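K.L.:
So that we are looking at the same thing, I have put the structure below in structure tokens.
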Amino acid sequence: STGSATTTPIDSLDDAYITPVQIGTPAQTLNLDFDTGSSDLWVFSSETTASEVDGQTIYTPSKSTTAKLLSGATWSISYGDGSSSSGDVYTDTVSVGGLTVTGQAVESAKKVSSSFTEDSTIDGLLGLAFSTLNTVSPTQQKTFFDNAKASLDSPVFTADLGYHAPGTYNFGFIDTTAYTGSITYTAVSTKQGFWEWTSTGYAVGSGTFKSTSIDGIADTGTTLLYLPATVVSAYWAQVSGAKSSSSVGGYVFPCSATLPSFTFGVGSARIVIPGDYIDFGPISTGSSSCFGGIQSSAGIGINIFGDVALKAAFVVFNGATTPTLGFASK
Ligand SMILES: N=C(N)c1ccsc1
Ligand SMILES: N=C(N)c1ccsc1
């Protein structure tokens with residue numbers, strides 16, 4: 001089997017991407033944020049505290065003939081930005097882009113934190129990291145990909161995120177028309193539950209490539225590119241007037257700037273992030289200070305190749321017995 005679904009930016013900045021997902025019988029379509037940095041499929045629901053729902057589409061398990069309470073199971077998760085959600089669990093039929101999994105754990109939110117409530121565009125998350133990170137207790141549950149894998153033509157999914165445009169998540173096949181050149185594959189460590197890999201270095205603009213190992217995660221659920229302070233300082237030093245602002249919470253730059261590109265290494269291959277991808281616009285409406293899309297990972301504890309990086313590539317998440325990651329230009 002295979003699946004193919006379009007993923008769409010939630011706003012003009014590509015702050016996140018949403019992908020329609022069919023849950024239950026008859027189908028209830030919710031727009032979920034596919035997150036290769038977590039492993040829970042959770043949704044706004046008929047169980048979500050009413051005051052914490054503001055415009056999201058909800059899953060109502062009582063209206064699904066295939067929903068079953070997973071008795072005793074609870075979940076609770078926090079994300080890198082301090083947001084969180086928790087609740088109980090149903091199993092139900094879940095389809096993405098024509099690919100169907102029966103008996104998928106659908107984690108129904110009883111509580112969500114304010115930043116979820118305040119974002120009406122995201123109806124939940126669909127985790128695509130390794131199932132060892134799944135938070136369901138006392139019986140840990142498998143991700144949609146883990147459940148689908150044995151049925152897929154090939155045990156892979158691909159992320160092809162657009163810059164200010166829709167893109168595609170495919171399951172079970174590699175669309176050879178969706179990228180240019182060849183795909184370069186690189187080793188993955190699953191020891192922390194992430195798609196963790198080591199970049200071979202970087203360049204800023206037209207500068208020389210610096211060969212240096214940068215361990216990090218391929219994370220579709222993080223907006224920005226978070227890298228070591230040394231790397232980030234070298235990038236922003238090439239932008240007149242750029243500075244790190246403790247009050248704003250990262251590097252800002254004059255909105256009048258033209259940003260340089262940023263290149264990262266994948267083995268001997270190179271992925272170029274155009275400068276425009278690194279512009280996250282005014283820090284507040286009407287401001288002439290703009291927020292940078294490359295930020296320091298110092299304090300996070302891990303480097304994160306988030307959407308800023310991934311959208312510059314066609315990315316293969318290879319879930320074979322020994323997982324790997326592939327990157328191609330596009
Ligand atoms: N859920 C994620 N994408 C995440 C959380 C901490 S670091 C990455
Ligand atoms: N609402 C949030 N803070 C969020 C959205 C996707 S991951 C976290």
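If you're wondering about the labels, chains in the structure tokens are A, B, ... by order shown, residues count from 1 in each chain, ligands from 1 in order shown.
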Do a neighbour search on residue 48 in chain A at 12 Å with only C-alpha atoms, toss out local chain neighbours closer than 3 positions, and write the hits as a PyMOL selection string.

P.N.:
chain A and resi 42-45+51-54+56-61+85-88+107-113+116-117+123-124

K.L.:
Around ligand 2, out to 10 Å and counting only C-alpha atoms and all ligand atoms, which residues are there? I want them as a compact mmCIF listing (two decimals) with N, CA, C and O atoms, in the first residue's frame.

P.N.:
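Wrote pocket-v3.txt, looks like this:
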```txt
# COMPACT_ATOMS: atom_id res chain seq x y z
N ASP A 15 4.69 28.84 9.74
CA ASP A 15 4.96 28.51 11.14
C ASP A 15 4.78 27.02 11.44
O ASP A 15 5.45 26.47 12.32
N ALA A 16 3.90 26.38 10.70
CA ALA A 16 3.70 24.94 10.77
C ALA A 16 2.94 24.54 9.54
O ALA A 16 2.49 25.40 8.78
N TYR A 17 2.77 23.24 9.35
CA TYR A 17 2.08 22.68 8.21
C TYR A 17 1.00 21.74 8.71
O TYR A 17 1.22 20.98 9.67
N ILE A 18 -0.15 21.76 8.05
CA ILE A 18 -1.26 20.87 8.39
C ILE A 18 -1.62 19.96 7.23
O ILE A 18 -1.59 20.36 6.06
N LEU A 32 -4.02 17.85 10.92
CA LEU A 32 -3.02 17.55 11.94
C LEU A 32 -1.65 18.03 11.51
O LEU A 32 -1.31 18.10 10.32
N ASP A 33 -0.83 18.35 12.51
CA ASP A 33 0.55 18.76 12.31
C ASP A 33 1.42 17.50 12.41
O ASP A 33 1.58 16.92 13.49
N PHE A 34 1.94 17.06 11.27
CA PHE A 34 2.80 15.88 11.22
C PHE A 34 4.17 16.24 11.80
O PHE A 34 4.84 17.16 11.30
N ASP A 35 4.57 15.51 12.83
CA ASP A 35 5.71 15.90 13.66
C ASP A 35 6.69 14.76 13.78
O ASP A 35 6.50 13.85 14.58
N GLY A 37 9.38 14.83 15.22
CA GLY A 37 10.02 14.93 16.52
C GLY A 37 9.20 14.47 17.71
O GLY A 37 9.64 14.65 18.84
N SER A 38 8.04 13.86 17.48
CA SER A 38 7.28 13.26 18.58
C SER A 38 6.53 12.05 18.06
O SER A 38 6.55 11.78 16.86
N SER A 78 4.61 17.16 26.53
CA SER A 78 5.03 18.55 26.43
C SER A 78 5.93 18.70 25.21
O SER A 78 6.58 17.74 24.77
N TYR A 79 5.93 19.88 24.64
CA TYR A 79 6.71 20.14 23.44
C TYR A 79 7.83 21.13 23.73
O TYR A 79 7.89 21.71 24.81
N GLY A 80 8.71 21.29 22.74
CA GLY A 80 9.93 22.06 22.91
C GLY A 80 9.70 23.51 23.25
O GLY A 80 10.60 24.18 23.77
N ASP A 81 8.51 24.01 22.94
CA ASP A 81 8.16 25.39 23.22
C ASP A 81 7.40 25.55 24.54
O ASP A 81 6.91 26.63 24.85
N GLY A 82 7.31 24.47 25.31
CA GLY A 82 6.64 24.52 26.60
C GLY A 82 5.15 24.28 26.55
O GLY A 82 4.49 24.27 27.59
N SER A 83 4.60 24.08 25.35
CA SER A 83 3.19 23.74 25.21
C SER A 83 2.97 22.29 25.63
O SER A 83 3.92 21.52 25.73
N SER A 84 1.72 21.92 25.87
CA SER A 84 1.41 20.59 26.39
C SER A 84 -0.05 20.23 26.17
O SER A 84 -0.88 21.10 25.89
N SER A 85 -0.34 18.94 26.30
CA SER A 85 -1.69 18.43 26.19
C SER A 85 -1.73 17.06 26.86
O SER A 85 -0.69 16.43 27.09
N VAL A 112 -5.58 21.01 26.83
CA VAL A 112 -4.51 21.52 25.98
C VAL A 112 -4.06 22.86 26.56
O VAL A 112 -4.84 23.57 27.19
N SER A 113 -2.79 23.20 26.36
CA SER A 113 -2.28 24.47 26.85
C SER A 113 -2.70 25.62 25.95
O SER A 113 -3.19 25.42 24.83
N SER A 114 -2.50 26.83 26.45
CA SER A 114 -3.06 28.02 25.81
C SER A 114 -2.64 28.21 24.36
O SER A 114 -3.44 28.66 23.53
N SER A 115 -1.40 27.88 24.02
CA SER A 115 -0.95 28.13 22.65
C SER A 115 -1.63 27.19 21.66
O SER A 115 -1.75 27.53 20.50
N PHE A 116 -2.12 26.03 22.12
CA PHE A 116 -2.92 25.17 21.25
C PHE A 116 -4.30 25.79 21.07
O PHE A 116 -4.78 25.93 19.95
N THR A 117 -4.93 26.19 22.16
CA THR A 117 -6.25 26.82 22.10
C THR A 117 -6.25 28.01 21.15
O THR A 117 -7.17 28.18 20.34
N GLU A 118 -5.20 28.82 21.26
CA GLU A 118 -5.10 30.07 20.52
C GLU A 118 -4.79 29.90 19.04
O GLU A 118 -4.85 30.86 18.27
N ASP A 119 -4.47 28.67 18.62
CA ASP A 119 -4.21 28.39 17.22
C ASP A 119 -5.33 27.53 16.65
O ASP A 119 -5.35 26.31 16.80
N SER A 120 -6.25 28.18 15.95
CA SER A 120 -7.43 27.51 15.45
C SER A 120 -7.15 26.62 14.26
O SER A 120 -8.02 25.87 13.85
N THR A 121 -5.94 26.69 13.69
CA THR A 121 -5.63 25.98 12.45
C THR A 121 -5.16 24.55 12.64
O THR A 121 -5.14 23.78 11.68
N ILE A 122 -4.74 24.20 13.85
CA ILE A 122 -4.17 22.87 14.13
C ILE A 122 -5.12 22.10 15.03
O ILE A 122 -5.41 22.52 16.16
N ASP A 123 -5.63 20.98 14.52
CA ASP A 123 -6.61 20.16 15.23
C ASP A 123 -5.96 19.04 16.05
O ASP A 123 -6.66 18.27 16.71
N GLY A 124 -4.63 18.96 16.02
CA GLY A 124 -3.89 17.93 16.73
C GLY A 124 -2.57 17.67 16.04
O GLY A 124 -2.22 18.35 15.07
N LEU A 125 -1.85 16.69 16.56
CA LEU A 125 -0.55 16.32 16.04
C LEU A 125 -0.55 14.85 15.66
O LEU A 125 -1.27 14.03 16.23
N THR A 220 10.04 17.83 11.54
CA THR A 220 9.05 18.58 10.80
C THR A 220 8.14 19.40 11.72
O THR A 220 7.46 20.31 11.24
N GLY A 221 8.10 19.07 13.01
CA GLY A 221 7.25 19.76 13.95
C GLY A 221 7.88 20.97 14.62
O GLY A 221 7.23 21.59 15.46
N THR A 222 9.11 21.31 14.25
CA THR A 222 9.77 22.52 14.72
C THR A 222 9.89 23.48 13.54
O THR A 222 10.29 23.07 12.45
N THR A 223 9.54 24.75 13.75
CA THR A 223 9.52 25.72 12.67
C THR A 223 10.91 26.06 12.14
O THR A 223 11.13 26.13 10.93
```

K.L.:
Can you pull out every residue within 7 Å of range 264-271 of chain A, counting only C-alpha atoms, but drop anything in the same chain fewer than 4 positions away, and send it as a ChimeraX atom specification?

P.N.:
/A:184,186,199-203,312-313,329

K.L.:
Keeping only N, CA, C and O atoms, write the selected residues to a file as a PDB file, in the first residue's frame.

P.N.:
```
ATOM      1  N   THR A 184      21.001  11.588  -1.120  1.00  0.00           N
ATOM      2  CA  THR A 184      22.122  11.153  -0.299  1.00  0.00           C
ATOM      3  C   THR A 184      21.598  10.675   1.042  1.00  0.00           C
ATOM      4  O   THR A 184      20.934  11.428   1.763  1.00  0.00           O
ATOM      5  N   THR A 186      22.129   9.021   4.907  1.00  0.00           N
ATOM      6  CA  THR A 186      23.015   9.224   6.039  1.00  0.00           C
ATOM      7  C   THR A 186      22.475   8.450   7.248  1.00  0.00           C
ATOM      8  O   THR A 186      21.263   8.216   7.378  1.00  0.00           O
ATOM      9  N   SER A 199      25.108  16.029  10.430  1.00  0.00           N
ATOM     10  CA  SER A 199      25.484  16.829   9.283  1.00  0.00           C
ATOM     11  C   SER A 199      27.003  16.966   9.233  1.00  0.00           C
ATOM     12  O   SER A 199      27.670  16.991  10.269  1.00  0.00           O
ATOM     13  N   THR A 200      27.529  17.096   8.023  1.00  0.00           N
ATOM     14  CA  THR A 200      28.971  17.148   7.813  1.00  0.00           C
ATOM     15  C   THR A 200      29.528  18.569   7.771  1.00  0.00           C
ATOM     16  O   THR A 200      30.734  18.741   7.629  1.00  0.00           O
ATOM     17  N   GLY A 201      28.679  19.589   7.885  1.00  0.00           N
ATOM     18  CA  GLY A 201      29.177  20.939   8.034  1.00  0.00           C
ATOM     19  C   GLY A 201      28.246  21.975   7.451  1.00  0.00           C
ATOM     20  O   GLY A 201      27.069  21.696   7.204  1.00  0.00           O
ATOM     21  N   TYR A 202      28.770  23.177   7.225  1.00  0.00           N
ATOM     22  CA  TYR A 202      27.928  24.266   6.769  1.00  0.00           C
ATOM     23  C   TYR A 202      28.718  25.327   6.018  1.00  0.00           C
ATOM     24  O   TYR A 202      29.946  25.413   6.111  1.00  0.00           O
ATOM     25  N   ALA A 203      27.980  26.141   5.270  1.00  0.00           N
ATOM     26  CA  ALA A 203      28.529  27.361   4.682  1.00  0.00           C
ATOM     27  C   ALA A 203      27.506  28.472   4.845  1.00  0.00           C
ATOM     28  O   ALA A 203      26.302  28.219   4.922  1.00  0.00           O
ATOM     29  N   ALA A 312      13.898  23.005   2.322  1.00  0.00           N
ATOM     30  CA  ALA A 312      14.859  23.167   1.230  1.00  0.00           C
ATOM     31  C   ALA A 312      15.202  21.840   0.550  1.00  0.00           C
ATOM     32  O   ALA A 312      15.968  21.827  -0.416  1.00  0.00           O
ATOM     33  N   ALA A 313      14.650  20.733   1.045  1.00  0.00           N
ATOM     34  CA  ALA A 313      15.022  19.401   0.570  1.00  0.00           C
ATOM     35  C   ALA A 313      13.808  18.504   0.380  1.00  0.00           C
ATOM     36  O   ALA A 313      12.727  18.765   0.904  1.00  0.00           O
ATOM     37  N   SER A 329      18.169  17.677  -3.161  1.00  0.00           N
ATOM     38  CA  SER A 329      17.726  18.994  -3.580  1.00  0.00           C
ATOM     39  C   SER A 329      16.451  18.857  -4.418  1.00  0.00           C
ATOM     40  O   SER A 329      16.095  17.759  -4.863  1.00  0.00           O
TER      41      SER A 329
END
```

K.L.:
Need to verify the contact set: residue 250 in chain A, 9 Å, only C-alpha atoms, exclusion of same-chain residues closer than 6 positions in sequence. Can you return it as a list in words?

P.N.:
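My reading of the contact set: residues 243, 244, 291, 292, 295 and 296 of chain A.
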
K.L.:
Keeping C-alpha atoms for every residue in the selection just given, could you write it to a file as a PDB file, in the first residue's frame?

P.N.:
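Saved file result-v7.pdb follows:
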```pdb
ATOM      1  CA  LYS A 243      21.895  40.850  16.851  1.00  0.00           C
ATOM      2  CA  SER A 244      20.730  38.446  19.501  1.00  0.00           C
ATOM      3  CA  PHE A 291      12.891  37.487  13.418  1.00  0.00           C
ATOM      4  CA  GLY A 292      15.558  35.104  12.194  1.00  0.00           C
ATOM      5  CA  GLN A 295      18.612  30.356  16.021  1.00  0.00           C
ATOM      6  CA  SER A 296      20.931  28.983  18.678  1.00  0.00           C
TER       7      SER A 296
END
```

K.L.:
Which residues come within 7 Å of residue 160 in chain A, counting only C-alpha atoms, excluding same-chain residues fewer than 5 positions away, as a compact mmCIF listing (two decimals) with N, CA, C and O atoms, in the first residue's frame?

P.N.:
```
# COMPACT_ATOMS: atom_id res chain seq x y z
N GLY A 167 2.94 21.33 0.05
CA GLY A 167 3.90 20.27 -0.22
C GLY A 167 3.23 18.94 -0.01
O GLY A 167 2.00 18.86 -0.03
N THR A 168 4.02 17.89 0.21
CA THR A 168 3.50 16.53 0.20
C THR A 168 4.18 15.66 1.25
O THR A 168 5.40 15.70 1.40
N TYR A 169 3.37 14.83 1.93
CA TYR A 169 3.84 13.67 2.68
C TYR A 169 3.41 12.42 1.93
O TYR A 169 2.22 12.22 1.69
N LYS A 311 12.44 22.15 4.45
CA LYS A 311 11.69 22.61 3.29
C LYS A 311 12.59 22.89 2.08
O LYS A 311 12.10 23.03 0.96
N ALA A 313 14.65 20.73 1.04
CA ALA A 313 15.02 19.40 0.57
C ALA A 313 13.81 18.50 0.38
O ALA A 313 12.73 18.76 0.90
N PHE A 314 14.02 17.44 -0.37
CA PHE A 314 13.14 16.28 -0.37
C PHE A 314 13.78 15.30 0.61
O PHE A 314 14.95 14.95 0.45
N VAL A 315 13.03 14.91 1.64
CA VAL A 315 13.59 14.19 2.77
C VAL A 315 12.93 12.82 2.90
O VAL A 315 11.71 12.71 2.99
```

K.L.:
For residue 279 in chain A, which residue out of A:256, A:139, A:208, A:22 is the nearest one, using only C-alpha atoms?

P.N.:
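Closest candidate: A:256.
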
K.L.:
Within 10 Å of residue 174 in chain A, counting only C-alpha atoms, which residues show up once you throw out same-chain ones fewer than 5 positions away? Write them as a PyMOL selection string, please.

P.N.:
chain A and resi 154+156-158+179+314-316

K.L.:
Please determine, counting only C-alpha atoms and all ligand atoms, which residue among A:218, A:30, A:273, A:106 has the shortest atom-to-atom distance to ligand 1.

P.N.:
A:218

K.L.:
Leaving out residue 144 in chain A and any residue of its chain fewer than 6 positions from it, which residues lie within 9 Å of it when counting only C-alpha atoms, given as a list in words?

P.N.:
residues 39, 40, 41, 94, 101, 104, 105, 126, 127 and 128 of chain A

K.L.:
Write the residues of the selection above to a file with N, CA and C atoms, as a JSON list (two decimals), in the first residue's frame.

P.N.:
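The resulting out.json:
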```
[["chain", "number", "residue", "atom", "x", "y", "z"],
["A", 39, "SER", "N", 5.84, 11.35, 18.96],
["A", 39, "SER", "CA", 5.35, 10.01, 18.64],
["A", 39, "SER", "C", 3.94, 9.74, 19.12],
["A", 40, "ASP", "N", 3.17, 10.81, 19.33],
["A", 40, "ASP", "CA", 1.77, 10.72, 19.75],
["A", 40, "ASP", "C", 0.89, 11.28, 18.65],
["A", 41, "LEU", "N", -0.21, 10.59, 18.37],
["A", 41, "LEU", "CA", -1.26, 11.10, 17.51],
["A", 41, "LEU", "C", -2.37, 11.53, 18.45],
["A", 94, "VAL", "N", -7.72, 5.16, 11.02],
["A", 94, "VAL", "CA", -7.09, 6.41, 10.63],
["A", 94, "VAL", "C", -6.53, 6.26, 9.23],
["A", 101, "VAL", "N", -4.93, 2.66, 8.42],
["A", 101, "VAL", "CA", -4.51, 1.85, 9.55],
["A", 101, "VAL", "C", -5.73, 1.62, 10.42],
["A", 104, "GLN", "N", -5.53, 2.15, 15.17],
["A", 104, "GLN", "CA", -4.59, 3.19, 15.56],
["A", 104, "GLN", "C", -4.99, 3.83, 16.89],
["A", 105, "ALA", "N", -4.02, 4.05, 17.77],
["A", 105, "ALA", "CA", -4.27, 4.83, 18.98],
["A", 105, "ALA", "C", -4.47, 6.29, 18.63],
["A", 126, "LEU", "N", 0.25, 14.53, 14.65],
["A", 126, "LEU", "CA", 0.47, 13.15, 14.24],
["A", 126, "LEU", "C", 1.97, 12.89, 14.31],
["A", 127, "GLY", "N", 2.40, 12.18, 15.34],
["A", 127, "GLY", "CA", 3.80, 11.93, 15.57],
["A", 127, "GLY", "C", 4.39, 10.89, 14.64],
["A", 128, "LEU", "N", 5.60, 11.17, 14.17],
["A", 128, "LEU", "CA", 6.31, 10.32, 13.23],
["A", 128, "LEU", "C", 7.75, 10.03, 13.65]]
```

K.L.:
So how many Å separate CA of residue 24 in chain A and CA of residue 95 in chain A, to one decimal?

P.N.:
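Computing the Euclidean distance for CA of residue 24 in chain A and CA of residue 95 in chain A yields 8.8 Å.
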
K.L.:
For ligand 1, which residue out of A:246, A:100, A:135, A:7 is the nearest one, using only C-alpha atoms and all ligand atoms?

P.N.:
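Once distances to ligand 1 are computed over only C-alpha atoms and all ligand atoms, the minimum belongs to A:135.
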
K.L.:
Which residue is closest to residue 261 in chain A? Choose from A:206, A:36, A:233, A:134 and count only C-alpha atoms.

P.N.:
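Distance minimum relative to residue 261 in chain A lands on A:206.
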
K.L.:
I need the residues of range 63-157 of chain A that end up classed as strand (DSSP E) by DSSP on the backbone, written out as a VMD selection string.

P.N.:
chain A and resid 68 to 78 84 to 96 99 to 112 124 to 127 156 to 157

K.L.:
Please produce an output containing N, CA and C atoms for each residue in the selection, written as a CSV table (one decimal), in the first residue's frame.

P.N.:
```csv
chain,number,residue,atom,x,y,z
A,68,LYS,N,-13.1,2.6,19.8
A,68,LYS,CA,-13.2,1.9,21.0
A,68,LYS,C,-12.3,2.5,22.1
A,69,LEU,N,-12.8,2.7,23.3
A,69,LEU,CA,-12.0,3.2,24.4
A,69,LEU,C,-10.9,2.3,24.7
A,70,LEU,N,-9.7,2.8,24.8
A,70,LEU,CA,-8.5,1.9,25.2
A,70,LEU,C,-8.5,2.1,26.7
A,71,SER,N,-9.2,1.1,27.3
A,71,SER,CA,-9.5,1.2,28.7
A,71,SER,C,-8.3,1.4,29.6
A,72,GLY,N,-8.3,2.5,30.4
A,72,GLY,CA,-7.2,2.7,31.4
A,72,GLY,C,-6.0,3.5,30.9
A,73,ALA,N,-6.0,3.7,29.6
A,73,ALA,CA,-4.8,4.4,29.0
A,73,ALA,C,-5.0,5.9,29.1
A,74,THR,N,-3.9,6.5,29.4
A,74,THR,CA,-3.8,8.0,29.5
A,74,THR,C,-2.5,8.4,28.8
A,75,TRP,N,-2.4,9.7,28.5
A,75,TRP,CA,-1.3,10.3,27.8
A,75,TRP,C,-1.1,11.7,28.3
A,76,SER,N,0.2,12.2,28.2
A,76,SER,CA,0.5,13.5,28.6
A,76,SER,C,1.8,13.9,27.9
A,77,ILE,N,1.9,15.0,27.2
A,77,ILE,CA,3.0,15.3,26.5
A,77,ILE,C,3.3,16.8,26.6
A,78,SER,N,4.6,17.2,26.5
A,78,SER,CA,5.0,18.6,26.4
A,78,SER,C,5.9,18.7,25.2
A,84,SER,N,1.7,21.9,25.9
A,84,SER,CA,1.4,20.6,26.4
A,84,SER,C,0.0,20.2,26.2
A,85,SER,N,-0.3,18.9,26.3
A,85,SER,CA,-1.7,18.4,26.2
A,85,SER,C,-1.7,17.1,26.9
A,86,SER,N,-2.9,16.6,27.2
A,86,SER,CA,-3.1,15.3,27.9
A,86,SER,C,-4.5,14.8,27.7
A,87,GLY,N,-4.7,13.6,28.0
A,87,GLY,CA,-6.1,13.0,27.9
A,87,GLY,C,-6.1,11.5,28.0
A,88,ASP,N,-7.1,10.9,27.4
A,88,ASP,CA,-7.3,9.5,27.3
A,88,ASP,C,-7.2,9.0,25.9
A,89,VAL,N,-7.5,7.7,25.6
A,89,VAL,CA,-7.2,7.1,24.4
A,89,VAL,C,-8.3,6.2,23.8
A,90,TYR,N,-8.5,6.3,22.5
A,90,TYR,CA,-9.4,5.5,21.7
A,90,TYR,C,-8.5,4.8,20.7
A,91,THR,N,-9.0,3.6,20.2
A,91,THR,CA,-8.5,3.1,19.0
A,91,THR,C,-9.5,3.3,17.9
A,92,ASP,N,-9.1,3.6,16.7
A,92,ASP,CA,-10.0,3.8,15.6
A,92,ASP,C,-9.2,3.7,14.3
A,93,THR,N,-10.0,3.7,13.2
A,93,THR,CA,-9.4,3.7,11.9
A,93,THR,C,-9.0,5.1,11.5
A,94,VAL,N,-7.7,5.2,11.0
A,94,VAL,CA,-7.1,6.4,10.6
A,94,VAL,C,-6.5,6.3,9.2
A,95,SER,N,-6.9,7.2,8.3
A,95,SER,CA,-6.4,7.2,7.0
A,95,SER,C,-5.7,8.5,6.7
A,96,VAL,N,-4.5,8.4,6.0
A,96,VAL,CA,-3.8,9.5,5.5
A,96,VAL,C,-3.5,9.3,4.0
A,99,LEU,N,-4.0,5.9,2.6
A,99,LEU,CA,-3.4,4.8,3.4
A,99,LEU,C,-4.2,4.6,4.7
A,100,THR,N,-4.7,3.4,5.0
A,100,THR,CA,-5.5,3.2,6.2
A,100,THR,C,-4.9,2.3,7.2
A,101,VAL,N,-4.9,2.7,8.4
A,101,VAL,CA,-4.5,1.8,9.5
A,101,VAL,C,-5.7,1.6,10.4
A,102,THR,N,-6.0,0.4,10.7
A,102,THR,CA,-7.1,0.0,11.7
A,102,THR,C,-6.4,-0.1,13.1
A,103,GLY,N,-7.2,0.2,14.1
A,103,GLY,CA,-6.7,0.0,15.5
A,103,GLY,C,-5.6,1.0,15.8
A,104,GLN,N,-5.5,2.1,15.2
A,104,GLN,CA,-4.6,3.2,15.6
A,104,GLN,C,-5.0,3.8,16.9
A,105,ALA,N,-4.0,4.1,17.8
A,105,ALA,CA,-4.3,4.8,19.0
A,105,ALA,C,-4.5,6.3,18.6
A,106,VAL,N,-5.7,6.8,19.0
A,106,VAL,CA,-6.0,8.2,18.8
A,106,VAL,C,-6.2,8.8,20.1
A,107,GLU,N,-5.3,9.6,20.5
A,107,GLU,CA,-5.2,10.2,21.8
A,107,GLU,C,-6.1,11.4,21.9
A,108,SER,N,-7.1,11.3,22.7
A,108,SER,CA,-8.2,12.4,22.8
A,108,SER,C,-7.8,13.3,23.9
A,109,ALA,N,-7.7,14.6,23.5
A,109,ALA,CA,-7.2,15.6,24.5
A,109,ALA,C,-8.4,16.0,25.5
A,110,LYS,N,-8.1,15.9,26.8
A,110,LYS,CA,-9.0,16.5,27.8
A,110,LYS,C,-8.5,17.9,28.1
A,111,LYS,N,-7.2,18.1,28.0
A,111,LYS,CA,-6.6,19.4,28.3
A,111,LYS,C,-5.6,19.8,27.2
A,112,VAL,N,-5.6,21.0,26.8
A,112,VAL,CA,-4.5,21.5,26.0
A,112,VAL,C,-4.1,22.9,26.6
A,124,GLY,N,-4.6,19.0,16.0
A,124,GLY,CA,-3.9,17.9,16.7
A,124,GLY,C,-2.6,17.7,16.0
A,125,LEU,N,-1.9,16.7,16.6
A,125,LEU,CA,-0.5,16.3,16.0
A,125,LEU,C,-0.6,14.8,15.7
A,126,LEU,N,0.3,14.5,14.7
A,126,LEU,CA,0.5,13.1,14.2
A,126,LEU,C,2.0,12.9,14.3
A,127,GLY,N,2.4,12.2,15.3
A,127,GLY,CA,3.8,11.9,15.6
A,127,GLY,C,4.4,10.9,14.6
A,156,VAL,N,9.0,3.4,4.3
A,156,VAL,CA,9.5,4.7,4.2
A,156,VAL,C,8.4,5.7,4.2
A,157,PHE,N,8.6,6.9,4.6
A,157,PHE,CA,7.8,8.1,4.3
A,157,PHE,C,8.7,9.2,3.9
```

K.L.:
Do you have the CA of residue 172 in chain A-CA of residue 190 in chain A distance handy?

P.N.:
20.2 Å

K.L.:
Go through A:297, A:137, A:258, A:287 and flag the residue nearest residue 232 in chain A, using only C-alpha atoms for the distances.

P.N.:
A:297

K.L.:
Determine the nearest neighbour of ligand 1 from the options A:317, A:248, A:129, A:191, counting only C-alpha atoms and all ligand atoms.

P.N.:
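Checking each candidate against ligand 1, we get A:129 as the closest.
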
K.L.:
What is the CA of residue 224 in chain A to CA of residue 294 in chain A distance in Å?

P.N.:
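Calculated distance between CA of residue 224 in chain A and CA of residue 294 in chain A is 6.2 Å.
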